[PDB]
Amino acid sequence: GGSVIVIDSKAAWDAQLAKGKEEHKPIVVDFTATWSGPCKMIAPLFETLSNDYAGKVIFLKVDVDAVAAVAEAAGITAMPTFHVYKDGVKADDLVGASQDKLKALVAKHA
């Protein structure tokens, strides 16, 4: 919900990366899995952050099992993994469900 945009395909991924270029907003992505306890724990915070930073940062969700080709291309091997994209390319990351480090990652780029 909120401002978290669910990515279902490479085409949708590419469209959102292009939108970030046009809007000059960083994109933060949660590469996540439904079966992962840490992922479930932090997904609500990812959503509230998406609302708090609406207008400054774009938030995407990629389920690594439903969009495996995108997650594989992005090198995801543990979940949650957060990436930041700027100008279409990877700029920063965080591996693991750390609420404090996720808040810090978003603030750094907003």
# chains A, B, ... in the order shown; residues from 1 in each chain; ligands from 1
call {"tool": "select_by_dssp", "arguments": {"residues": "chain A", "states": "helix (DSSP H, G or I)", "output": "PDB file with N, CA, C and O atoms, in the first residue's frame"}}
result
ATOM      1  N   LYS A  10      10.464  -7.208 -15.643  1.00  0.00           N
ATOM      2  CA  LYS A  10      11.565  -6.364 -16.100  1.00  0.00           C
ATOM      3  C   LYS A  10      11.052  -5.099 -16.785  1.00  0.00           C
ATOM      4  O   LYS A  10      11.625  -4.020 -16.618  1.00  0.00           O
ATOM      5  N   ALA A  11       9.991  -5.215 -17.589  1.00  0.00           N
ATOM      6  CA  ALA A  11       9.467  -4.029 -18.257  1.00  0.00           C
ATOM      7  C   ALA A  11       9.009  -2.984 -17.248  1.00  0.00           C
ATOM      8  O   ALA A  11       9.240  -1.786 -17.431  1.00  0.00           O
ATOM      9  N   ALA A  12       8.353  -3.414 -16.173  1.00  0.00           N
ATOM     10  CA  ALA A  12       7.919  -2.471 -15.152  1.00  0.00           C
ATOM     11  C   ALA A  12       9.105  -1.866 -14.412  1.00  0.00           C
ATOM     12  O   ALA A  12       9.114  -0.664 -14.108  1.00  0.00           O
ATOM     13  N   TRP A  13      10.108  -2.695 -14.116  1.00  0.00           N
ATOM     14  CA  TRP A  13      11.361  -2.236 -13.514  1.00  0.00           C
ATOM     15  C   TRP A  13      11.995  -1.131 -14.348  1.00  0.00           C
ATOM     16  O   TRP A  13      12.317  -0.047 -13.841  1.00  0.00           O
ATOM     17  N   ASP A  14      12.163  -1.391 -15.644  1.00  0.00           N
ATOM     18  CA  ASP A  14      12.778  -0.407 -16.521  1.00  0.00           C
ATOM     19  C   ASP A  14      11.958   0.878 -16.574  1.00  0.00           C
ATOM     20  O   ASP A  14      12.524   1.976 -16.589  1.00  0.00           O
ATOM     21  N   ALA A  15      10.629   0.757 -16.593  1.00  0.00           N
ATOM     22  CA  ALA A  15       9.779   1.941 -16.638  1.00  0.00           C
ATOM     23  C   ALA A  15       9.966   2.792 -15.385  1.00  0.00           C
ATOM     24  O   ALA A  15      10.022   4.024 -15.469  1.00  0.00           O
ATOM     25  N   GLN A  16      10.078   2.156 -14.214  1.00  0.00           N
ATOM     26  CA  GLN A  16      10.263   2.926 -12.990  1.00  0.00           C
ATOM     27  C   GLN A  16      11.656   3.544 -12.922  1.00  0.00           C
ATOM     28  O   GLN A  16      11.807   4.689 -12.470  1.00  0.00           O
ATOM     29  N   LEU A  17      12.689   2.822 -13.364  1.00  0.00           N
ATOM     30  CA  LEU A  17      14.017   3.433 -13.403  1.00  0.00           C
ATOM     31  C   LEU A  17      14.004   4.680 -14.284  1.00  0.00           C
ATOM     32  O   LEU A  17      14.626   5.697 -13.950  1.00  0.00           O
ATOM     33  N   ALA A  18      13.307   4.623 -15.423  1.00  0.00           N
ATOM     34  CA  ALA A  18      13.205   5.780 -16.312  1.00  0.00           C
ATOM     35  C   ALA A  18      12.456   6.924 -15.642  1.00  0.00           C
ATOM     36  O   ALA A  18      12.834   8.094 -15.795  1.00  0.00           O
ATOM     37  N   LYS A  19      11.406   6.604 -14.887  1.00  0.00           N
ATOM     38  CA  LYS A  19      10.663   7.625 -14.163  1.00  0.00           C
ATOM     39  C   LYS A  19      11.556   8.321 -13.142  1.00  0.00           C
ATOM     40  O   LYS A  19      11.485   9.544 -12.982  1.00  0.00           O
ATOM     41  N   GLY A  20      12.410   7.563 -12.448  1.00  0.00           N
ATOM     42  CA  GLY A  20      13.327   8.182 -11.508  1.00  0.00           C
ATOM     43  C   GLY A  20      14.277   9.152 -12.178  1.00  0.00           C
ATOM     44  O   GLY A  20      14.614  10.204 -11.616  1.00  0.00           O
ATOM     45  N   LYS A  21      14.722   8.826 -13.388  1.00  0.00           N
ATOM     46  CA  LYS A  21      15.560   9.759 -14.135  1.00  0.00           C
ATOM     47  C   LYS A  21      14.799  11.043 -14.435  1.00  0.00           C
ATOM     48  O   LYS A  21      15.309  12.150 -14.218  1.00  0.00           O
ATOM     49  N   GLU A  22      13.571  10.919 -14.928  1.00  0.00           N
ATOM     50  CA  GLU A  22      12.803  12.092 -15.330  1.00  0.00           C
ATOM     51  C   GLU A  22      12.432  12.958 -14.135  1.00  0.00           C
ATOM     52  O   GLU A  22      12.434  14.200 -14.226  1.00  0.00           O
ATOM     53  N   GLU A  23      12.080  12.328 -13.019  1.00  0.00           N
ATOM     54  CA  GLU A  23      11.660  13.039 -11.824  1.00  0.00           C
ATOM     55  C   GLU A  23      12.840  13.501 -10.981  1.00  0.00           C
ATOM     56  O   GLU A  23      12.657  14.226 -10.010  1.00  0.00           O
ATOM     57  N   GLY A  37      10.951 -14.148   7.477  1.00  0.00           N
ATOM     58  CA  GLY A  37      10.532 -13.435   8.660  1.00  0.00           C
ATOM     59  C   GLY A  37      11.074 -12.018   8.722  1.00  0.00           C
ATOM     60  O   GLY A  37      10.328 -11.063   8.981  1.00  0.00           O
ATOM     61  N   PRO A  38      12.376 -11.836   8.474  1.00  0.00           N
ATOM     62  CA  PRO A  38      12.914 -10.467   8.503  1.00  0.00           C
ATOM     63  C   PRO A  38      12.241  -9.563   7.473  1.00  0.00           C
ATOM     64  O   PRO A  38      11.967  -8.390   7.744  1.00  0.00           O
ATOM     65  N   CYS A  39      11.971 -10.094   6.291  1.00  0.00           N
ATOM     66  CA  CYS A  39      11.255  -9.328   5.272  1.00  0.00           C
ATOM     67  C   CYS A  39       9.879  -8.899   5.758  1.00  0.00           C
ATOM     68  O   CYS A  39       9.468  -7.751   5.558  1.00  0.00           O
ATOM     69  N   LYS A  40       9.134  -9.826   6.372  1.00  0.00           N
ATOM     70  CA  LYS A  40       7.795  -9.504   6.854  1.00  0.00           C
ATOM     71  C   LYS A  40       7.864  -8.441   7.937  1.00  0.00           C
ATOM     72  O   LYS A  40       6.995  -7.565   8.027  1.00  0.00           O
ATOM     73  N   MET A  41       8.899  -8.513   8.776  1.00  0.00           N
ATOM     74  CA  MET A  41       9.013  -7.587   9.894  1.00  0.00           C
ATOM     75  C   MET A  41       9.206  -6.162   9.410  1.00  0.00           C
ATOM     76  O   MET A  41       8.619  -5.228   9.981  1.00  0.00           O
ATOM     77  N   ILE A  42      10.008  -5.962   8.363  1.00  0.00           N
ATOM     78  CA  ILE A  42      10.397  -4.618   7.943  1.00  0.00           C
ATOM     79  C   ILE A  42       9.530  -4.058   6.819  1.00  0.00           C
ATOM     80  O   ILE A  42       9.580  -2.849   6.571  1.00  0.00           O
ATOM     81  N   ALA A  43       8.732  -4.886   6.152  1.00  0.00           N
ATOM     82  CA  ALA A  43       7.898  -4.370   5.063  1.00  0.00           C
ATOM     83  C   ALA A  43       6.984  -3.239   5.499  1.00  0.00           C
ATOM     84  O   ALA A  43       6.848  -2.270   4.736  1.00  0.00           O
ATOM     85  N   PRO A  44       6.361  -3.266   6.682  1.00  0.00           N
ATOM     86  CA  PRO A  44       5.522  -2.125   7.067  1.00  0.00           C
ATOM     87  C   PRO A  44       6.305  -0.816   7.161  1.00  0.00           C
ATOM     88  O   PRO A  44       5.806   0.228   6.719  1.00  0.00           O
ATOM     89  N   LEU A  45       7.518  -0.846   7.718  1.00  0.00           N
ATOM     90  CA  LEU A  45       8.339   0.359   7.786  1.00  0.00           C
ATOM     91  C   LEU A  45       8.707   0.843   6.391  1.00  0.00           C
ATOM     92  O   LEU A  45       8.730   2.049   6.129  1.00  0.00           O
ATOM     93  N   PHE A  46       9.032  -0.071   5.474  1.00  0.00           N
ATOM     94  CA  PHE A  46       9.310   0.360   4.107  1.00  0.00           C
ATOM     95  C   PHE A  46       8.124   1.149   3.558  1.00  0.00           C
ATOM     96  O   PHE A  46       8.301   2.173   2.895  1.00  0.00           O
ATOM     97  N   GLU A  47       6.902   0.690   3.858  1.00  0.00           N
ATOM     98  CA  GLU A  47       5.708   1.391   3.397  1.00  0.00           C
ATOM     99  C   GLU A  47       5.520   2.733   4.100  1.00  0.00           C
ATOM    100  O   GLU A  47       5.207   3.731   3.443  1.00  0.00           O
ATOM    101  N   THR A  48       5.691   2.815   5.414  1.00  0.00           N
ATOM    102  CA  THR A  48       5.511   4.127   6.031  1.00  0.00           C
ATOM    103  C   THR A  48       6.580   5.106   5.563  1.00  0.00           C
ATOM    104  O   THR A  48       6.292   6.292   5.359  1.00  0.00           O
ATOM    105  N   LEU A  49       7.808   4.640   5.365  1.00  0.00           N
ATOM    106  CA  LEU A  49       8.833   5.508   4.797  1.00  0.00           C
ATOM    107  C   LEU A  49       8.432   5.990   3.406  1.00  0.00           C
ATOM    108  O   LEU A  49       8.703   7.141   3.039  1.00  0.00           O
ATOM    109  N   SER A  50       7.800   5.119   2.610  1.00  0.00           N
ATOM    110  CA  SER A  50       7.388   5.531   1.273  1.00  0.00           C
ATOM    111  C   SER A  50       6.415   6.697   1.339  1.00  0.00           C
ATOM    112  O   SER A  50       6.387   7.536   0.434  1.00  0.00           O
ATOM    113  N   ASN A  51       5.602   6.755   2.395  1.00  0.00           N
ATOM    114  CA  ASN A  51       4.673   7.859   2.563  1.00  0.00           C
ATOM    115  C   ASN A  51       5.392   9.094   3.093  1.00  0.00           C
ATOM    116  O   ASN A  51       5.164  10.207   2.606  1.00  0.00           O
ATOM    117  N   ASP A  52       6.277   8.909   4.077  1.00  0.00           N
ATOM    118  CA  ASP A  52       6.986  10.037   4.672  1.00  0.00           C
ATOM    119  C   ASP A  52       7.854  10.759   3.650  1.00  0.00           C
ATOM    120  O   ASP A  52       8.041  11.983   3.750  1.00  0.00           O
ATOM    121  N   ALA A  68      12.124 -13.188 -10.679  1.00  0.00           N
ATOM    122  CA  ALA A  68      13.442 -13.749 -10.437  1.00  0.00           C
ATOM    123  C   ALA A  68      14.487 -13.174 -11.379  1.00  0.00           C
ATOM    124  O   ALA A  68      15.640 -13.012 -10.981  1.00  0.00           O
ATOM    125  N   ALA A  69      14.118 -12.864 -12.624  1.00  0.00           N
ATOM    126  CA  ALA A  69      15.108 -12.370 -13.577  1.00  0.00           C
ATOM    127  C   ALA A  69      15.649 -11.006 -13.163  1.00  0.00           C
ATOM    128  O   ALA A  69      16.827 -10.711 -13.377  1.00  0.00           O
ATOM    129  N   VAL A  70      14.795 -10.153 -12.591  1.00  0.00           N
ATOM    130  CA  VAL A  70      15.239  -8.844 -12.121  1.00  0.00           C
ATOM    131  C   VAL A  70      16.112  -8.994 -10.885  1.00  0.00           C
ATOM    132  O   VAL A  70      17.166  -8.377 -10.780  1.00  0.00           O
ATOM    133  N   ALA A  71      15.693  -9.835  -9.943  1.00  0.00           N
ATOM    134  CA  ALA A  71      16.485 -10.046  -8.740  1.00  0.00           C
ATOM    135  C   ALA A  71      17.827 -10.686  -9.069  1.00  0.00           C
ATOM    136  O   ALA A  71      18.853 -10.318  -8.494  1.00  0.00           O
ATOM    137  N   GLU A  72      17.847 -11.633 -10.013  1.00  0.00           N
ATOM    138  CA  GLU A  72      19.106 -12.261 -10.408  1.00  0.00           C
ATOM    139  C   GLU A  72      20.042 -11.244 -11.042  1.00  0.00           C
ATOM    140  O   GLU A  72      21.235 -11.196 -10.728  1.00  0.00           O
ATOM    141  N   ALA A  73      19.518 -10.416 -11.949  1.00  0.00           N
ATOM    142  CA  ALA A  73      20.352  -9.416 -12.594  1.00  0.00           C
ATOM    143  C   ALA A  73      20.922  -8.446 -11.576  1.00  0.00           C
ATOM    144  O   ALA A  73      22.040  -7.946 -11.750  1.00  0.00           O
ATOM    145  N   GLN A  99      15.921  -1.784  10.851  1.00  0.00           N
ATOM    146  CA  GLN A  99      15.079  -0.598  10.771  1.00  0.00           C
ATOM    147  C   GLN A  99      15.922   0.676  10.825  1.00  0.00           C
ATOM    148  O   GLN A  99      15.692   1.613  10.053  1.00  0.00           O
ATOM    149  N   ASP A 100      16.929   0.719  11.705  1.00  0.00           N
ATOM    150  CA  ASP A 100      17.738   1.929  11.828  1.00  0.00           C
ATOM    151  C   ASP A 100      18.538   2.200  10.560  1.00  0.00           C
ATOM    152  O   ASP A 100      18.641   3.351  10.118  1.00  0.00           O
ATOM    153  N   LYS A 101      19.122   1.157   9.963  1.00  0.00           N
ATOM    154  CA  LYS A 101      19.918   1.376   8.760  1.00  0.00           C
ATOM    155  C   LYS A 101      19.040   1.682   7.557  1.00  0.00           C
ATOM    156  O   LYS A 101      19.460   2.418   6.665  1.00  0.00           O
ATOM    157  N   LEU A 102      17.818   1.153   7.514  1.00  0.00           N
ATOM    158  CA  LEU A 102      16.921   1.500   6.415  1.00  0.00           C
ATOM    159  C   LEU A 102      16.485   2.954   6.512  1.00  0.00           C
ATOM    160  O   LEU A 102      16.506   3.683   5.518  1.00  0.00           O
ATOM    161  N   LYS A 103      16.118   3.398   7.710  1.00  0.00           N
ATOM    162  CA  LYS A 103      15.772   4.801   7.897  1.00  0.00           C
ATOM    163  C   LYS A 103      16.937   5.690   7.488  1.00  0.00           C
ATOM    164  O   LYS A 103      16.743   6.733   6.852  1.00  0.00           O
ATOM    165  N   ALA A 104      18.164   5.290   7.851  1.00  0.00           N
ATOM    166  CA  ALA A 104      19.342   6.083   7.515  1.00  0.00           C
ATOM    167  C   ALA A 104      19.600   6.104   6.011  1.00  0.00           C
ATOM    168  O   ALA A 104      19.981   7.142   5.453  1.00  0.00           O
ATOM    169  N   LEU A 105      19.413   4.967   5.336  1.00  0.00           N
ATOM    170  CA  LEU A 105      19.626   4.897   3.896  1.00  0.00           C
ATOM    171  C   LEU A 105      18.697   5.851   3.166  1.00  0.00           C
ATOM    172  O   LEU A 105      19.114   6.577   2.256  1.00  0.00           O
ATOM    173  N   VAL A 106      17.422   5.858   3.546  1.00  0.00           N
ATOM    174  CA  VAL A 106      16.468   6.733   2.881  1.00  0.00           C
ATOM    175  C   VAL A 106      16.801   8.191   3.162  1.00  0.00           C
ATOM    176  O   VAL A 106      16.800   9.027   2.249  1.00  0.00           O
ATOM    177  N   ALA A 107      17.097   8.522   4.421  1.00  0.00           N
ATOM    178  CA  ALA A 107      17.428   9.908   4.762  1.00  0.00           C
ATOM    179  C   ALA A 107      18.675  10.377   4.017  1.00  0.00           C
ATOM    180  O   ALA A 107      18.745  11.535   3.576  1.00  0.00           O
ATOM    181  N   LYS A 108      19.670   9.500   3.862  1.00  0.00           N
ATOM    182  CA  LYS A 108      20.894   9.873   3.152  1.00  0.00           C
ATOM    183  C   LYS A 108      20.588  10.353   1.741  1.00  0.00           C
ATOM    184  O   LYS A 108      21.230  11.289   1.238  1.00  0.00           O
ATOM    185  N   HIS A 109      19.623   9.721   1.084  1.00  0.00           N
ATOM    186  CA  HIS A 109      19.361   9.995  -0.320  1.00  0.00           C
ATOM    187  C   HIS A 109      18.237  10.979  -0.557  1.00  0.00           C
ATOM    188  O   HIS A 109      18.186  11.569  -1.641  1.00  0.00           O
TER     189      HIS A 109
END
call {"tool": "residues_around", "arguments": {"residues": "range 79-93 of chain A", "least_positions_apart": "5", "cutoff": "6 Å", "atoms": "only C-alpha atoms", "output": "PyMOL selection string"}}
result
chain A and resi 17+21+26-32+39
call {"tool": "atom_distance", "arguments": {"atom1": "CA of residue 3 in chain A", "atom2": "CA of residue 78 in chain A"}}
result
23.9 Å
call {"tool": "select_by_dssp", "arguments": {"residues": "chain A", "states": "strand (DSSP E or B)", "output": "PyMOL selection string"}}
result
chain A and resi 4-7+27-32+58-63+81-86+89-95
call {"tool": "write_last_selection", "arguments": {"atoms": "C-alpha atoms", "output": "compact mmCIF listing (two decimals), in the first residue's frame"}}
result
# COMPACT_ATOMS: atom_id res chain seq x y z
CA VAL A 4 5.21 1.34 -2.49
CA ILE A 5 5.05 0.35 -6.15
CA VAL A 6 4.97 -3.40 -6.76
CA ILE A 7 7.20 -4.47 -9.67
CA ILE A 27 14.65 5.05 -6.10
CA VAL A 28 14.84 2.71 -3.11
CA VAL A 29 13.96 -0.92 -3.78
CA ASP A 30 13.06 -3.67 -1.32
CA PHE A 31 14.08 -7.02 -2.80
CA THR A 32 11.95 -9.21 -0.58
CA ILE A 58 10.42 6.55 -5.20
CA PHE A 59 9.83 3.20 -3.44
CA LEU A 60 9.65 -0.12 -5.30
CA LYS A 61 9.00 -3.67 -4.06
CA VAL A 62 10.45 -6.65 -5.96
CA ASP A 63 9.50 -10.11 -4.74
CA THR A 81 18.15 -6.39 0.26
CA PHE A 82 17.59 -2.69 -0.34
CA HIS A 83 19.14 -0.91 -3.31
CA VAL A 84 19.18 2.78 -4.22
CA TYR A 85 19.15 3.70 -7.92
CA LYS A 86 20.00 7.18 -9.21
CA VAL A 89 22.10 2.84 -11.97
CA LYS A 90 22.85 1.35 -8.58
CA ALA A 91 24.19 3.88 -6.06
CA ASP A 92 23.85 2.34 -2.57
CA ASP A 93 22.55 -0.66 -0.67
CA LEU A 94 21.68 -2.33 2.63
CA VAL A 95 21.40 -6.07 3.25
call {"tool": "atom_distance", "arguments": {"atom1": "CA of residue 74 in chain A", "atom2": "CA of residue 34 in chain A"}}
result
18.4 Å
call {"tool": "atom_distance", "arguments": {"atom1": "CA of residue 98 in chain A", "atom2": "CA of residue 36 in chain A"}}
result
13.9 Å
